[PDB]
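Okay, structure first, notes after.
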Amino acid sequence: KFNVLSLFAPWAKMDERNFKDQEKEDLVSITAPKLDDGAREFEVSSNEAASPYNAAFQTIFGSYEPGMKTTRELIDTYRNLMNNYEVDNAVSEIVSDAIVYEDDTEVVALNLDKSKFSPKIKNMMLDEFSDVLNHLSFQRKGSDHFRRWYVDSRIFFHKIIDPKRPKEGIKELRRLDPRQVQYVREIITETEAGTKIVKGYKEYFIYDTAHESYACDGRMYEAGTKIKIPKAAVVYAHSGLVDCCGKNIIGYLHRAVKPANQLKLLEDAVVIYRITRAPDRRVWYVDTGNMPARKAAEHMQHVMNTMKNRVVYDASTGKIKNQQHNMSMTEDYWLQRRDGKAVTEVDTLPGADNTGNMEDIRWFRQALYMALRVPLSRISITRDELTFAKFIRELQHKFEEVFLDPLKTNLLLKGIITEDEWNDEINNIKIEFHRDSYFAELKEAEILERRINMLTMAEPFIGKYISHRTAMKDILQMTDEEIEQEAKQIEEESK
Amino acid sequence: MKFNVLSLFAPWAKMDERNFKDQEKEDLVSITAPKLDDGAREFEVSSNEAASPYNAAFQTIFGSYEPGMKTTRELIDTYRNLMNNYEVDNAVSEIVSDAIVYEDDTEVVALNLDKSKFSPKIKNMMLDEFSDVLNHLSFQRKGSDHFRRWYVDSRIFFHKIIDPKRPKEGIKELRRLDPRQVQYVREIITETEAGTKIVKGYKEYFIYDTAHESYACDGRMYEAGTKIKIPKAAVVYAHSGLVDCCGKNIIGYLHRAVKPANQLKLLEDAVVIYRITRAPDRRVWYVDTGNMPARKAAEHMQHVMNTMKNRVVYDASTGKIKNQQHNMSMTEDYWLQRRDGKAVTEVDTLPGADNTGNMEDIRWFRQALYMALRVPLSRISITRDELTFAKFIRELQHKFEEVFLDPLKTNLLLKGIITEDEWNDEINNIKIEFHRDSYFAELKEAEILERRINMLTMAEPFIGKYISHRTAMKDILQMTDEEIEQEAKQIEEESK
Amino acid sequence: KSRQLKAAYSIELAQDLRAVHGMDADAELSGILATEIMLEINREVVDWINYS
Amino acid sequence: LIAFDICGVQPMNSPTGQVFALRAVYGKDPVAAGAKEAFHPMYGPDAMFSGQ
Amino acid sequence: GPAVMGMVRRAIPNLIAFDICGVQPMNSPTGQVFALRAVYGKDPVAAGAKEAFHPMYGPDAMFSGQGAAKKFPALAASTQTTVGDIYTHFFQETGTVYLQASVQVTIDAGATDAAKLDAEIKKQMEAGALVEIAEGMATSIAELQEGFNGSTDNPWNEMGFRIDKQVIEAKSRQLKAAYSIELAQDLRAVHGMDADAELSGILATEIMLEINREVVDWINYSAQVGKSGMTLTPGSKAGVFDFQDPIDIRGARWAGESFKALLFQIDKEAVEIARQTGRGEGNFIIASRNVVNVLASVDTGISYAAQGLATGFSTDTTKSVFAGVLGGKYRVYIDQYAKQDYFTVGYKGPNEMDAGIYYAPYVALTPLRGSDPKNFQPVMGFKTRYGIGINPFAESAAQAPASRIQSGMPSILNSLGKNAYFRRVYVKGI
Amino acid sequence: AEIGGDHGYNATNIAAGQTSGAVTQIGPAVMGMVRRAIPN
């Protein structure tokens with residue numbers, strides 16, 4: 001091809017190299033897609049005398065595009081769930097715990113405590129990492145980036161390169177708009193009774209242009225075409241959450257969508273029951289029996305436009321509009337009827353009765369609240385708190401790719417580091433982060449108190465049953481080195 | 001190998017063929033029922049098989065699929081349908097979390113060769129191979145997902161690979177198989193005087209055969225396609241030993257929760273509609289318009305209908321009543337005219353969404369469900385349920401563990417580090433250990449010690465009379481004699 | 001407006017094609033028909049452009 | 001083939017669907033003999049209509 | 001439920017599978033087998049070409065020898081021999097024989113068919129008039145072979161071989177059930193039947209039974225008839241073994257000694273088969289249940305005499321069809337559907353291509369399911385395709401086929417009553 | 001219809017892969033070959 005989309009020429013080269021590496025792999029005799037999550041794969045089967053990929057093309061084209069449509073419905077819903085009470089806070093609390101940032105604290109930070117080529121590289125990597133965060137304006141908006149990942153289920157960015165001197169002119173990322181990118185995988189290979197090949201898949205992505213106005217959807221249209229761009233150009237990450245099957249990725253709030261809507265529906269039902277029929281209610285009847293409509297209509301008016309009340313509540317000021325004083329001792333009604341029969345009379349209707357016992361609405365509200373992935377302690381430390389800490393850590397960990405990706409990209413292009421080195425280093429180059437230190441300190445303190453309590457009880461037996469070395473490692477949970485260090489420090493302090 | 005069918009897997013065919021023949025050589029005979037304890041479906045063949053090539057295998061699959069695995073596929077979909085709901089998925093999360101522990105600055109599931117082996121060099125090779133299995137699976141990051149899927153669908157499967165150019169060092173990354181696509185079987189390759197009880201190497205093969213031509217869920221554009229027959233050696237798998245009353249139609253632990261999972265879902269929705277319905281007002285008008293064709297009567301019906309209809313809604317986006325300004329009247333004045341001589345025209349009201357609960361059955365069922373999902377009752381110190389779940393989990397781990405033992409021996413044996421005979425004698429113990437939550441482990445140990453200290457304290461006044469200190473250490477502190485000497489020796493050192 | 005085509009083929013043949021060329025060719029028939037229809041449409045569009 | 005490269009799609013959700021359009025016209029009569037559009041590209045605007 | 005007394009149905013008979021024939025699993029239709037025929041006379045493919053090796057024919061003892069120099073006069077009806085000369089004759093069986101004349105006599109001038117001429121020659125041989133003879137070639141002749149020293153017309157006899165082949169094709173068979181919904185529903189309500197599965201069973205069963213029955217019939221169809229020719233007792237009834245006729249039992253009476261007579265003939269027939277195929281003594285017999293009842297009641301080992309109950313070999317056709325092994329030597333199967341009373345014997349080797357009769361499955365028991373929307377009644381059925389064939393050389397009489405190519409499938413011309421691997425015996429008088 | 005067709009049971013046509021329908025054949029699989037035993 002002529003690479004008409006010169007926009008990504010350097011990224012295309014990066015994908016070509018990776019694609020070639022896959023072609024040179026021995027990953028054959030594989031019936032499986034070899035995939036777990038992310039980009040949507042399909043049988044674009046080619047490079048064989050059958051050309052079935054044409055059906056695959058036509059399927060994507062002819063059916064454009066329930067994948068992204070569903071994605072929009074889910075995201076739009078996710079936002080609409082977040083818009084209500086409790087969901088709003090659950091998200092906020094989670095986002096805050098995932099990224100805690102305060103005066104003079106630590107940010108997500110690359111911890112290179114594992115073997116590297118040189119300390120010089122360790123510093124280069126950390127400096128680049130800092131710039132990745134600066135590119136993301138992490139210190140100001142890290143929370144927003146995470147929130148979108150959590151809520152919309154995915155985060156993604158466009159990487160920007162020069163392109164004149166692409167390994168040098170490396171620029172900051174452009175956070176991409178949710179619902180605008182389709183991630184895909186193409187099985188471009190075939191063999192005896194179906195492919196059992198490497199299936200490199202390219203794993204590229206396609207950007208759907210859109211220009212919604214006040215539409216709040218692609219009301220008239222989004223913006224025509226979409227551009228196929230090499231995967232090297234996009235940073236992305238997503239939750240480990242899908243529909244029953246496929247690459248039908250969902251957000252963290254998806255699990256709660258059922259009860260979220262049930263609760264809202266129930267709440268609206270409570271309100272409607274309570275407001276409806278609050279006013280007085282009554283229908284006047286008029287006996288116009290054996291009269292033409294031409295006359296009956298006026299005889300009806302003789303009561304209807306005469307016994308009609310004149311009262312409405314002033315909700316700006318709690319007064320009855322134009323009613324002074326405020327209330328009579330009685331409402332005087334009267335009626336004359338043609339005969340001794342209950343035809344021309346007034347029949348009142350049921351009012352806004354009380355029902356709940358708002359226990360059902362509560363049962364659902366409580367189930368929902370917990371369904372938001374939050375502790376039941378909210379509206380010292382228990383198993384749930386520990387669980388949430390693990391949860392938050394995991395969320396941060398999946399999200400983390402958002403830094404590792406642009407990090408390797410820039411480091412590899414500068415080369416600084418090679419691809420082989422990157423692959424050997426990670427493995428583990430984990431990015432650690434600031435956690436709520438208030439609570440962390442409390443945790444550590446309670447653990448220590450317990451350790452002290454155990455030692456205190458042990459005390460009478462130390463010189464007969466439980467030695468020091470043992471007590472320190474078993475009761476106070478000190479390492480061997482820690483034990484020697486504590487002894488040495490004491491010897492110094494003692495002088 | 002009568003024909004080189006799917007030569008792609010010839011290395012696996014070689015492994016299975018080898019094993020099949022070795023089984024035939026061995027006197028694995030005089031057995032009444034097929035020697036199959038658990039796992040994949042049974043099928044019988046004639047003496048000297050007379051049931052090959054793979055086309056015969058397809059006969060087996062049809063008979064084993066049409067009335068068989070098709071049901072299994074429904075069960076797999078059911079587990080997903082179960083998990084898709086809340087008050088379900090979280091039980092799984094709790095189980096997965098307990099099953100695989102992830103902690104900072106420590107290890108993850110690891111091979112621990114602390115029992116006799118030929119040499120440390122061999123042990124080190126085994127430890128490296130284990131690590132590569134985890135590396136292949138990115139287990140240290142995705143282990144939770146691998147396990148979760150195993151638990152939830154009651155089965156995990158991974159396709160193994162041999163180069164094959166230089167097959168000696170052939171194991172590379174494992175590939176998870178798509179759920180529902182593959183059936184496994186064990187055929188009885190023998191016949192005698194009505195009811196063979198002799199040796200068969202049972203084939204141990206499997207066939208993949210799905211198509212997106214018929215959807216379980218739309219949006220899918222790839223599948224197995226035709227019937228592909230691959231040797232057992234080619235895969236790694238595990239499942240729980242849970243089956244139905246007959247056959248080999250494997251189910252999960254969560255199967256037990258299907259009943260109440262849906263009873264709860266059903267009750268939840270019933271409750272919602274019970275209360276939502278009739279929340280608005282409700283009224284039916286009856287109009288005495290006779291002696292007219294519908295084309296005329298309709299005018300009179302519209303006269304009333306477009307006058308008495310309170311053409312408003314409740315704005316649920318913003319809590320307001322549409323066009324209702326000012327906010328609320330002190331009354332709603334309605335009117336009707338009658339044409340007959342009797343008070344027949346009227347408007348009836350319907351009873352409304354009142355509240356009759358007593359909303360307690362749903363609570364009972366939810367509790368029953370939560371329990372059904374295999375959870376402790378401590379959830380919405382140390383107790384029996386927690387100890388029980390620690391046991392449930394070590395069994396889940398013990399079974400799951402084959403996911404590592406299998407590719408471990410496979411690559412060790414493939415390279416030649418150890419032999420097959422050695423593996424069988426060595427395990428026994430080639431155990432893989434899972435990390436345990438250090439926080440809770442410390443607490444458990446601390447309580448045990450506290451009790452031990454308290455009992456020692458109580459014994460104290462009688463040590464020089466009735467209870468030797470050696471004995472107290474042995475029974476109260478539960479120490480071995482070597483441990484007692486070690487503590488005495490360390491104390492002597494501390495004192496100096 | 002609509003379009004439609006059929007395969008109308010022998011099962012026995014498919015059984016043998018698998019044996020002969022490694023081709024079940026049912027997938028092939030599906031691909032052929034699909035290919036032809038989308039191809040026929042593509043041309044249709046081009047001609048409407050030419051016509052208009 | 002050239003699948004849709006130079007064409008629109010506007011896929012259906014109903015067979016035999018419908019499209020609409022709106023023309024801006026002048027002279028206070030949406031439908032009239034001799035009626036003209038406010039902005040047709042091949043015809044200049046009537047600068048005197050709003051003027052002398 | 002007025003005291004339902006359960007129900008009955010017929011049992012399904014067993015099969016002899018392919019225990020006594022080739023199985024040739026196929027992965028394609030229409031396979032092929034070829035063969036090499038050692039041949040001599042300077043043209044491997046020719047009318048009159050002679051094969052170097054054959055189970056029923058003697059070698060040309062003077063081919064590399066004196067026959068290289070000179071032709072020998074042939075024997076023919078009415079001619080007179082000359083004492084001391086050597087005459088040649090190719091017999092219908094026993095092949096090339098060179099006979100020196102001890103006398104000057106004529107041979108059956110009234111002979112017509114070769115069979116009559118062969119018979120008189122055999123008598124002259126028995127009589128000592130004609131004696132088997134061979135010799136090498138005088139060395140003084142050999143000395144100038146290939147035209148040396150001005151000599152002519154002295155080539156050496158040459159040998160070579162001809163490779164040719166035969167092919168097969170698979171024929172098929174299919175059946176449907178064409179059953180109804182209402183019947184199946186009633187059956188569910190009577191016995192708890194699925195009434196599709198039972199039908200599936202029936203159809204698949206019938207197909208398998210037919211195939212196996214077909215193989216047996218092909219065995220009977222191609223087998224040669226025994227108690228004939230070289231295995232014939234001249235005072236016998238030609239192809240049939242009796243118990244009521246002393247000629248077949250060497251005057252026996254007293255079943256303990258009489259029944260053994262059949263075993264004797266069986267060995268003779270099994271041995272002749274080896275003589276016909278060149279591979280080995282027959283190793284399997286299939287016979288009427290009455291024959292087997294006799295075999296199972298006689299001590300088949302070598303002993304003075306002995307008789308008892310039929311306990312030596314399973315005799316039922318209700319559990320199996322395989323009775324057991326006769327003398328530890330032949331696999332005994334029961335022809336559960338024998339039309340009269342008899343028994344076929346034959347030889348099958350360890351080599352799947354060494355069997356005479358071959359079965360070669362390609363497609364089998366493919367189930368089919370659907371329903372006809374006009375009344376929505378179900379349709380179900382099954383399909384099989386395989387093909388069978390015969391051994392090149394099964395006829396054995398001919399040294400080679402026409403045109404270097406033939407169908408490997410049986411036909412009347414190809415094999416009825418001709419197959420070297422099997423022989424028929426009719427049985428009467430039990 | 002897309003009938004593969006069949007052979008005429010004519011050995012020539014079988015060997016040559018000639019059929020009556022849409023698809024001709026590559027040719028017959030080799031099932032092996034025969035040589036005769038040598039007399040002892």
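Following the order of the structure tokens, first chain is A, next is B, and so on, with residues numbered from 1 inside each chain and ligands from 1 in the order they appear.
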Notebook entry, point to check: Near residue 473 of chain B, counting only C-alpha atoms, which residues have an atom at most 12 Å away, once you skip same-chain residues fewer than 2 positions from it, shown as a ChimeraX atom specification?
Noted result: /A:461,464-466 /B:452-453,455-457,459-460,463,467-471,475-485,487-488
Margin query: Taking 2 positions as the minimum chain separation for residues in the same chain, which residues sit within 12 Å of residue 162 of chain A when counting only C-alpha atoms? Answer as number ranges by chain.
Written below: A: 6-11, 159-160, 164-172
Would you mind listing, as an mmCIF file with N, CA, C and O atoms, in the first residue's frame, all residues of chain B that have at least one atom within 12 Å of chain E, where only C-alpha atoms are what counts?
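Okay, selection-v6.cif is ready:
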data_model
loop_
_atom_site.group_PDB
_atom_site.id
_atom_site.type_symbol
_atom_site.label_atom_id
_atom_site.label_comp_id
_atom_site.auth_asym_id
_atom_site.auth_seq_id
_atom_site.Cartn_x
_atom_site.Cartn_y
_atom_site.Cartn_z
ATOM 1 N N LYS B 2 -2.709 -44.716 12.255
ATOM 2 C CA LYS B 2 -2.936 -45.501 11.039
ATOM 3 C C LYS B 2 -2.740 -44.601 9.823
ATOM 4 O O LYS B 2 -2.241 -45.025 8.780
ATOM 5 N N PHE B 3 -3.151 -43.351 9.984
ATOM 6 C CA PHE B 3 -3.054 -42.330 8.963
ATOM 7 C C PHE B 3 -2.506 -41.100 9.671
ATOM 8 O O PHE B 3 -2.869 -40.847 10.826
ATOM 9 N N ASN B 4 -1.709 -40.275 8.998
ATOM 10 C CA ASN B 4 -1.174 -39.089 9.676
ATOM 11 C C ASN B 4 -2.173 -37.940 9.647
ATOM 12 O O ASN B 4 -2.015 -36.955 8.921
ATOM 13 N N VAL B 5 -3.211 -38.106 10.443
ATOM 14 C CA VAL B 5 -4.328 -37.191 10.533
ATOM 15 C C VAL B 5 -3.947 -36.016 11.392
ATOM 16 O O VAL B 5 -3.480 -36.201 12.510
ATOM 17 N N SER B 46 -15.209 -52.478 19.264
ATOM 18 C CA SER B 46 -15.105 -53.929 19.127
ATOM 19 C C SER B 46 -13.743 -54.491 19.501
ATOM 20 O O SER B 46 -12.782 -53.754 19.766
ATOM 21 N N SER B 47 -13.668 -55.817 19.582
ATOM 22 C CA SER B 47 -12.382 -56.446 19.793
ATOM 23 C C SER B 47 -11.555 -56.028 18.610
ATOM 24 O O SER B 47 -12.063 -55.995 17.488
ATOM 25 N N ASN B 48 -10.306 -55.664 18.850
ATOM 26 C CA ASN B 48 -9.406 -55.162 17.816
ATOM 27 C C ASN B 48 -9.957 -53.859 17.224
ATOM 28 O O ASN B 48 -9.634 -53.471 16.095
ATOM 29 N N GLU B 49 -10.757 -53.164 18.028
ATOM 30 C CA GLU B 49 -11.343 -51.857 17.794
ATOM 31 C C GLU B 49 -12.363 -51.800 16.658
ATOM 32 O O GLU B 49 -13.538 -51.462 16.865
ATOM 33 N N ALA B 50 -11.898 -52.086 15.434
ATOM 34 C CA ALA B 50 -12.711 -52.062 14.214
ATOM 35 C C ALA B 50 -13.544 -50.788 14.166
ATOM 36 O O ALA B 50 -14.720 -50.812 13.806
ATOM 37 N N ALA B 51 -12.934 -49.679 14.548
ATOM 38 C CA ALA B 51 -13.618 -48.410 14.664
ATOM 39 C C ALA B 51 -12.675 -47.264 14.402
ATOM 40 O O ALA B 51 -12.491 -46.390 15.247
ATOM 41 N N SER B 52 -12.084 -47.253 13.232
ATOM 42 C CA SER B 52 -11.132 -46.224 12.877
ATOM 43 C C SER B 52 -11.235 -46.072 11.372
ATOM 44 O O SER B 52 -11.745 -46.977 10.707
ATOM 45 N N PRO B 53 -10.809 -44.947 10.787
ATOM 46 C CA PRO B 53 -10.144 -43.738 11.263
ATOM 47 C C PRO B 53 -11.077 -42.813 12.030
ATOM 48 O O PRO B 53 -12.166 -43.215 12.448
ATOM 49 N N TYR B 54 -10.648 -41.571 12.184
ATOM 50 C CA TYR B 54 -11.407 -40.514 12.844
ATOM 51 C C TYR B 54 -12.886 -40.448 12.438
ATOM 52 O O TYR B 54 -13.710 -39.989 13.221
ATOM 53 N N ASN B 55 -13.265 -40.927 11.258
ATOM 54 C CA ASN B 55 -14.669 -40.866 10.912
ATOM 55 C C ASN B 55 -15.468 -41.678 11.960
ATOM 56 O O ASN B 55 -16.609 -41.346 12.300
ATOM 57 N N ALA B 56 -14.878 -42.779 12.454
ATOM 58 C CA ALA B 56 -15.512 -43.587 13.488
ATOM 59 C C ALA B 56 -15.589 -42.757 14.754
ATOM 60 O O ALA B 56 -16.576 -42.778 15.487
ATOM 61 N N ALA B 57 -14.541 -41.973 14.984
ATOM 62 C CA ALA B 57 -14.515 -41.100 16.163
ATOM 63 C C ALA B 57 -15.695 -40.134 16.107
ATOM 64 O O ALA B 57 -16.262 -39.763 17.138
ATOM 65 N N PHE B 58 -16.071 -39.719 14.906
ATOM 66 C CA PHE B 58 -17.177 -38.803 14.746
ATOM 67 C C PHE B 58 -18.487 -39.501 15.129
ATOM 68 O O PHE B 58 -19.400 -38.841 15.638
ATOM 69 N N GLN B 59 -18.587 -40.830 14.915
ATOM 70 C CA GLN B 59 -19.790 -41.581 15.308
ATOM 71 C C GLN B 59 -19.934 -41.501 16.817
ATOM 72 O O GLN B 59 -21.036 -41.265 17.345
ATOM 73 N N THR B 60 -18.788 -41.632 17.509
ATOM 74 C CA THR B 60 -18.730 -41.561 18.957
ATOM 75 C C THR B 60 -19.236 -40.213 19.428
ATOM 76 O O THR B 60 -20.111 -40.142 20.295
ATOM 77 N N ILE B 61 -18.719 -39.147 18.805
ATOM 78 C CA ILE B 61 -19.100 -37.795 19.187
ATOM 79 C C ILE B 61 -20.557 -37.533 18.919
ATOM 80 O O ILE B 61 -21.224 -36.874 19.706
ATOM 81 N N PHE B 62 -21.081 -37.950 17.775
ATOM 82 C CA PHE B 62 -22.486 -37.677 17.567
ATOM 83 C C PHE B 62 -23.290 -38.292 18.688
ATOM 84 O O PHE B 62 -24.025 -37.608 19.407
ATOM 85 N N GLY B 63 -23.088 -39.593 18.916
ATOM 86 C CA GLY B 63 -23.825 -40.293 19.957
ATOM 87 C C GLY B 63 -23.614 -39.671 21.336
ATOM 88 O O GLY B 63 -24.507 -39.712 22.186
ATOM 89 N N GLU B 66 -25.220 -35.269 20.534
ATOM 90 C CA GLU B 66 -26.624 -35.028 20.272
ATOM 91 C C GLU B 66 -27.445 -35.116 21.573
ATOM 92 O O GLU B 66 -28.162 -34.169 21.889
ATOM 93 N N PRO B 67 -27.456 -36.260 22.297
ATOM 94 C CA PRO B 67 -28.116 -36.455 23.574
ATOM 95 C C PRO B 67 -27.224 -36.196 24.792
ATOM 96 O O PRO B 67 -27.609 -36.563 25.891
ATOM 97 N N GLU B 191 -13.061 -56.586 23.506
ATOM 98 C CA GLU B 191 -14.285 -57.434 23.484
ATOM 99 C C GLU B 191 -13.898 -58.916 23.628
ATOM 100 O O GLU B 191 -12.876 -59.324 23.042
ATOM 101 N N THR B 192 -14.701 -59.674 24.385
ATOM 102 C CA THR B 192 -14.537 -61.103 24.647
ATOM 103 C C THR B 192 -15.882 -61.782 24.665
ATOM 104 O O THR B 192 -16.836 -61.332 24.029
ATOM 105 N N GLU B 193 -15.954 -62.869 25.445
ATOM 106 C CA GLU B 193 -17.187 -63.688 25.607
ATOM 107 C C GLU B 193 -18.246 -62.883 26.369
ATOM 108 O O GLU B 193 -18.515 -63.210 27.542
ATOM 109 N N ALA B 194 -18.816 -61.872 25.709
ATOM 110 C CA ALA B 194 -19.855 -61.010 26.269
ATOM 111 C C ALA B 194 -19.497 -60.226 27.530
ATOM 112 O O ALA B 194 -20.000 -60.553 28.606
ATOM 113 N N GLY B 195 -18.678 -59.167 27.421
ATOM 114 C CA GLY B 195 -18.378 -58.406 28.626
ATOM 115 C C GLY B 195 -16.919 -58.312 29.031
ATOM 116 O O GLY B 195 -16.571 -58.587 30.182
#
Note to self: Write out as a PyMOL selection string the set of residues from segment 179-425 of chain B that DSSP, computed on the backbone, places in helix (DSSP H, G or I).
What the structure shows: chain B and resi 232-234+253-276+294-308+361-372+384-400+402-415+420-425
Check: Near residue 37 of chain C, counting only C-alpha atoms, which residues have an atom at most 8 Å away, once you skip same-chain residues fewer than 2 positions from it, shown as an NGL selection string?
Finding: :C and (3-5 or 33-35 or 39-41)
Notebook entry, point to check: Quick one: which residues from chain E are at most 8 Å off chain F, using only C-alpha atoms, as an MDAnalysis selection string?
Noted result: chainID E and resid 24 28:37 53:54 166:169 278:279 353 392 405:407
List the neighbours of residue 27 of chain D out to 12 Å using only C-alpha atoms; skip same-chain residues closer than 4 positions along the sequence, and give me the result as a short mmCIF file (atom, residue, chain, number, x, y, z; two decimals) with N, CA and C atoms, in the first residue's frame.
data_model
loop_
_atom_site.label_atom_id
_atom_site.label_comp_id
_atom_site.auth_asym_id
_atom_site.auth_seq_id
_atom_site.Cartn_x
_atom_site.Cartn_y
_atom_site.Cartn_z
N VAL D 31 -45.56 26.14 -1.51
CA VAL D 31 -45.72 25.44 -2.76
C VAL D 31 -46.35 26.33 -3.79
N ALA D 32 -45.59 26.69 -4.80
CA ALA D 32 -46.15 27.56 -5.81
C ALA D 32 -45.44 27.41 -7.12
N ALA D 33 -46.17 27.68 -8.19
CA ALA D 33 -45.50 27.72 -9.45
C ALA D 33 -44.52 28.85 -9.40
N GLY D 34 -43.32 28.62 -9.90
CA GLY D 34 -42.33 29.67 -9.95
C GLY D 34 -41.57 29.87 -8.63
N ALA D 35 -41.89 29.07 -7.62
CA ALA D 35 -41.25 29.20 -6.32
C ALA D 35 -39.75 29.00 -6.43
N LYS D 36 -39.00 29.73 -5.61
CA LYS D 36 -37.55 29.61 -5.60
C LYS D 36 -37.00 29.44 -4.21
N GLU D 37 -35.88 28.71 -4.13
CA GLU D 37 -35.18 28.51 -2.88
C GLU D 37 -34.29 29.66 -2.54
N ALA D 38 -34.15 29.88 -1.26
CA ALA D 38 -33.27 30.88 -0.70
C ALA D 38 -31.79 30.65 -0.99
N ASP D 46 -31.62 36.61 -4.14
CA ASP D 46 -32.26 37.83 -4.59
C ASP D 46 -31.97 38.95 -3.65
N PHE D 49 -34.76 41.31 -2.89
CA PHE D 49 -35.93 40.88 -2.14
C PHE D 49 -35.95 41.48 -0.74
N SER D 50 -34.81 41.42 -0.06
CA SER D 50 -34.66 41.95 1.30
C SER D 50 -34.33 43.43 1.30
#
Margin query: Distance limit 9 Å, atoms considered: only C-alpha atoms. Which chain C residues sit that close to chain A? Return them as a list in words.
Written below: residues 18, 21, 22, 23, 24, 25, 27, 28, 30, 31, 32, 34, 35 and 38 of chain C
Could those selected residues go to a file with C-alpha atoms, as an mmCIF file, in the first residue's frame?
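New file out.cif:
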data_model
loop_
_atom_site.group_PDB
_atom_site.id
_atom_site.type_symbol
_atom_site.label_atom_id
_atom_site.label_comp_id
_atom_site.auth_asym_id
_atom_site.auth_seq_id
_atom_site.Cartn_x
_atom_site.Cartn_y
_atom_site.Cartn_z
ATOM 1 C CA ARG C 18 -12.505 -33.709 2.675
ATOM 2 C CA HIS C 21 -8.234 -32.154 -0.984
ATOM 3 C CA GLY C 22 -8.707 -31.488 2.742
ATOM 4 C CA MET C 23 -11.723 -29.425 1.741
ATOM 5 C CA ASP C 24 -15.112 -29.970 3.272
ATOM 6 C CA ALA C 25 -16.144 -27.317 0.829
ATOM 7 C CA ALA C 27 -17.628 -23.630 4.033
ATOM 8 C CA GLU C 28 -16.381 -23.022 0.479
ATOM 9 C CA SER C 30 -20.991 -20.631 1.720
ATOM 10 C CA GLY C 31 -18.014 -18.425 0.874
ATOM 11 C CA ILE C 32 -18.731 -18.625 -2.832
ATOM 12 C CA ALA C 34 -21.479 -14.868 -0.079
ATOM 13 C CA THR C 35 -18.698 -13.633 -2.292
ATOM 14 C CA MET C 38 -21.494 -8.997 -2.224
#
Checklist line | Check: which chain F residues lie within 9 Å of chain C using only C-alpha atoms, as a ChimeraX atom specification | finding: /F:1-5,22-23,25-27
Margin query: I need the residues of chain D that end up classed as strand (DSSP E or B) by DSSP on the backbone, written out as a list in words.
Written below: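 In chain D, DSSP puts these residues in strand (DSSP E or B): residues 25, 26, 36 and 37 of chain D.
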Selected residues, N, CA, C and O atoms, written as a compact mmCIF listing (two decimals), in the first residue's frame, please.
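Contents of the output file out26.txt:
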# COMPACT_ATOMS: atom_id res chain seq x y z
N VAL D 25 -37.36 28.51 1.29
CA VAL D 25 -37.94 29.16 0.12
C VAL D 25 -38.48 30.53 0.44
O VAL D 25 -38.82 30.81 1.58
N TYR D 26 -38.68 31.35 -0.57
CA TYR D 26 -39.19 32.69 -0.27
C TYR D 26 -40.42 33.13 -1.04
O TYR D 26 -40.71 32.61 -2.11
N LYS D 36 -39.00 29.73 -5.61
CA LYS D 36 -37.55 29.61 -5.60
C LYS D 36 -37.00 29.44 -4.21
O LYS D 36 -37.58 29.94 -3.23
N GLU D 37 -35.88 28.71 -4.13
CA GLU D 37 -35.18 28.51 -2.88
C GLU D 37 -34.29 29.66 -2.54
O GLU D 37 -33.71 30.29 -3.42
Margin query: With only C-alpha atoms as the counted atoms, please give the residues lying no more than 12 Å from residue 43 of chain C, apart from itself and same-chain residues fewer than 4 positions off, as a list in words.
Written below: residues 36, 37, 38, 39, 47, 48, 49 and 50 of chain C; 1, 2, 3 and 4 of chain D
Item checked: From B:211, B:330, B:233, B:92, residue lying nearest chain C [only C-alpha atoms] ->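 The shortest atom-to-atom distance to chain C comes from B:211.
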